[PDB]
Every structure is written in structure tokens, then in C-alpha cells.
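Participant: Below you'll find the structure I mean.
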Amino acid sequence: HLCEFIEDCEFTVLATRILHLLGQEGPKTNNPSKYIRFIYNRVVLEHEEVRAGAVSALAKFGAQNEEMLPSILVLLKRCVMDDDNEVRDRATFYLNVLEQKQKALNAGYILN
Amino acid sequence: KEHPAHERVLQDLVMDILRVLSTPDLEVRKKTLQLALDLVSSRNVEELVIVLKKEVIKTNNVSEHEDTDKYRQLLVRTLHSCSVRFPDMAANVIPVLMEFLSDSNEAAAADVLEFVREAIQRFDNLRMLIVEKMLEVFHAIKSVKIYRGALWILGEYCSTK
């Protein structure tokens, strides 16, 4: 309900809060395809900023992986990628950051 | 124009004609600009450029742009193209300056466009000055646009360690 409605019940501000929370929660509650499905959408919206949250939430999530995620988790960041300079940069950088640590290690430091 | 035997001169006579444009009507003007761009094998250029600069001054003036603004953007496009081909010069520096003066996004977008481009183009030298120029501009200024500007530039970085 939240997901859907909020989508078409708007307000960016809400998203900030919820994002943050969601950010922690991920794969302890599974339903991956859906959740992904959502996540993509959330990003769908413009705003470098709106887009950005899906990646950040993801870090706790990614790290944990779910009912299918690690392989693919690795595949995805690749599949979804962006320019728009500082938006480019966000993709690049997260990557670059990613680039910079053994992704397993990477996850551990950053997450905390 | 498909008199592709296309004589030198003719291209050249344009400016004269173009002068008339100062008695505006953008829409007409606009048609001109496209038209204009074409002839230049990166030449009859300077005289023009100069003239452009004249335009530029003219553009300053006191203005109450409403139509001409548009023109400016266009001009810049028209202008942009040339440069690609060309080796260009001080004139260009001036845009940079000019741009600093200004206050609306579309230009920033162009600028940015330039950011991109230039990032590709790198013969460099100019940039550095400009970067300096910019440094001034920057010091000299505040805004989201700027704020954004900083970001990329910052991103870019080099010397004066």
C-alpha cells in the first residue's frame, strides 16, 4: 500500500524519512522481486536525489543479500548506471568506491 | 546554396545584411543564424567574430530581452558548432566572462555543455586561465548554479597544489 500510494500520494519529504528506515531493513524481510520492483520505481523519479536513496538503502541490503541476491547484486550495479555528471559521478563514485574496496570488505566498513 | 560551387564572397556579404537585424524580429533573426552559420569554413570568421563581439556588446546595452534572449541561446549554438571545427580564440574567453555576468539556468546548461565538451577537448591551456577566471568569478559569486558548478570543477581538479 505504502509503496503504491506514495507513488501517487507524492511528497518527496516522506520519502526521505522512509528511505532512511528502509535503508536499514532490506533482506531480513525478503520478497525480493517486488522489493526490487519497487526500488527501481523509486529511483524512476527524477531527482538525482530521489534516485540516490535507492542506492544508499541498498548498502545494508546488498551486503546482506537475500533469496537470490549476491551474484546478481554484483550484476545489477552494472546493469543500472548513469551519467548526468554529478549524477554521473554518483554512479561512478559508488562504483569507484566499490572499485576501491573488496566488495565484501567494502560492505563491512561502509555499512557501519 | 546548392550552388555548391558556392562562392566565398557571398557568404561574406551576409554580415552587412545582418547588420539590419539589429532592428530586431528574432524569429527572422533566428532564421538568419542558422543560415549564417553555414558558410563559414572557420574563416570569414574573425571579422565576424569581432562583429559578434560587437553584437555582444550590443547585446549588453541596457536590454529588456524578451526575444533576443532566445537569439542568444541560439547564437551560442550556432557559435558552438563553429568552434568545434575551429581553433578559436580570445573571443571565447569572453563568453566565459560573459557567462559570469548573466543569471539564468539555460546558459549554465550550455556552459555545462561546454564543461562536458571541454572535458573531452583538452588542449588545455586556456582552461587553466579560465579556471582562474572562474576562480575569480566564483569568488565573486554564489547560487545553486554556481554551487553545482563547483562540484564538477572540483571533481575535475589539477595543480596549484
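Every chain in the C-alpha cells has a letter given in the order shown (A, B, ...), and although residue numbers restart at 1 in each chain, ligands are simply numbered from 1 in the order shown.
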Residues of chain B near chain A: apply a cut-off of 12 Å, count only C-alpha atoms, and supply the list as a list in words.

Facilitator: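 Listed by rising number, the hits are residues 109, 112, 113, 115, 116, 119, 147, 148, 149, 150, 151, 152, 153, 154, 155 and 156 of chain B.
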
Participant: May I have all residues of stretch 25-122 of chain B that DSSP, computed from the backbone, assigns to helix (DSSP H, G or I), given as an NGL selection string?

Facilitator: :B and (26-37 or 45-60 or 68-85 or 90-101 or 105-121)

Participant: Can you tell me which residues surround residue B:33 at a distance of at most 9 Å, considering only C-alpha atoms, apart from same-chain residues fewer than 6 positions away, and format the answer as a list in words?

Facilitator: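 Non-adjacent residues within range: residues 71, 74, 75 and 78 of chain B.
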
Participant: Which of these, B:129, B:17, B:82, B:108, has the shortest distance to residue B:45 once you count only C-alpha atoms?

Facilitator: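 Looking only at the distances to residue B:45, the closest residue turns out to be B:82.
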
Participant: Please provide the set of residues having any atom within 10 Å of residue B:51, restricted to only C-alpha atoms, with same-chain residues fewer than 6 positions apart removed, written as an NGL selection string.

Facilitator: :B and (15 or 19 or 45 or 57-58)

Participant: I need the chosen residues saved as an mmCIF file, in the first residue's frame, with C-alpha atoms.

Facilitator:
```cif
data_model
loop_
_atom_site.group_PDB
_atom_site.id
_atom_site.type_symbol
_atom_site.label_atom_id
_atom_site.label_comp_id
_atom_site.auth_asym_id
_atom_site.auth_seq_id
_atom_site.Cartn_x
_atom_site.Cartn_y
_atom_site.Cartn_z
ATOM 1 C CA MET B 15 27.131 40.485 -42.275
ATOM 2 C CA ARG B 19 23.523 44.376 -39.557
ATOM 3 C CA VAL B 45 35.076 34.294 -39.286
ATOM 4 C CA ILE B 57 28.333 44.482 -26.719
ATOM 5 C CA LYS B 58 25.284 45.440 -28.346
#
```

Participant: Quick one: residues within 12 Å of residue A:68, only C-alpha atoms, excluding same-chain residues fewer than 4 positions away - as a PyMOL selection string?

Facilitator: chain A and resi 27+30-33+36+62+64+72-75

Participant: Determine, counting only C-alpha atoms, which protein, DNA and RNA residues have an atom within 7 Å of an atom of stretch 16-21 of chain A; residues of the same chain fewer than 3 positions away are not included. Present the result as an mmCIF file with C-alpha atoms, in the first residue's frame.

Facilitator:
```cif
data_model
loop_
_atom_site.group_PDB
_atom_site.id
_atom_site.type_symbol
_atom_site.label_atom_id
_atom_site.label_comp_id
_atom_site.auth_asym_id
_atom_site.auth_seq_id
_atom_site.Cartn_x
_atom_site.Cartn_y
_atom_site.Cartn_z
ATOM 1 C CA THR A 12 9.468 13.969 -1.551
ATOM 2 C CA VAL A 13 9.934 14.653 2.119
ATOM 3 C CA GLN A 24 18.372 -0.397 7.206
ATOM 4 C CA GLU A 25 15.746 -3.041 6.761
ATOM 5 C CA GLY A 53 18.256 6.883 -1.912
ATOM 6 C CA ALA A 57 19.276 1.892 1.312
#
```

Participant: Env of residue B:159: 12 Å cut, atoms = only C-alpha atoms, seq-sep filter 4 positions within chain, self excluded. Answer as number ranges by chain.

Facilitator: B: 128, 131-132, 154

Participant: Take the residues from that selection and put them in a file with N, CA and C atoms, as an mmCIF file, in the first residue's frame.

Facilitator:
```cif
data_model
loop_
_atom_site.group_PDB
_atom_site.id
_atom_site.type_symbol
_atom_site.label_atom_id
_atom_site.label_comp_id
_atom_site.auth_asym_id
_atom_site.auth_seq_id
_atom_site.Cartn_x
_atom_site.Cartn_y
_atom_site.Cartn_z
ATOM 1 N N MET B 128 42.974 26.603 -17.987
ATOM 2 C CA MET B 128 43.611 26.961 -16.793
ATOM 3 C C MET B 128 43.438 28.376 -16.487
ATOM 4 N N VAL B 131 39.984 28.796 -15.636
ATOM 5 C CA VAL B 131 39.820 28.224 -14.372
ATOM 6 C C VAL B 131 40.163 29.265 -13.403
ATOM 7 N N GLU B 132 41.212 30.004 -13.643
ATOM 8 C CA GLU B 132 41.498 31.140 -12.863
ATOM 9 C C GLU B 132 40.411 32.131 -12.890
ATOM 10 N N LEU B 154 35.430 20.841 -9.140
ATOM 11 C CA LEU B 154 36.072 20.276 -8.010
ATOM 12 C C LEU B 154 36.436 18.943 -8.325
#
```
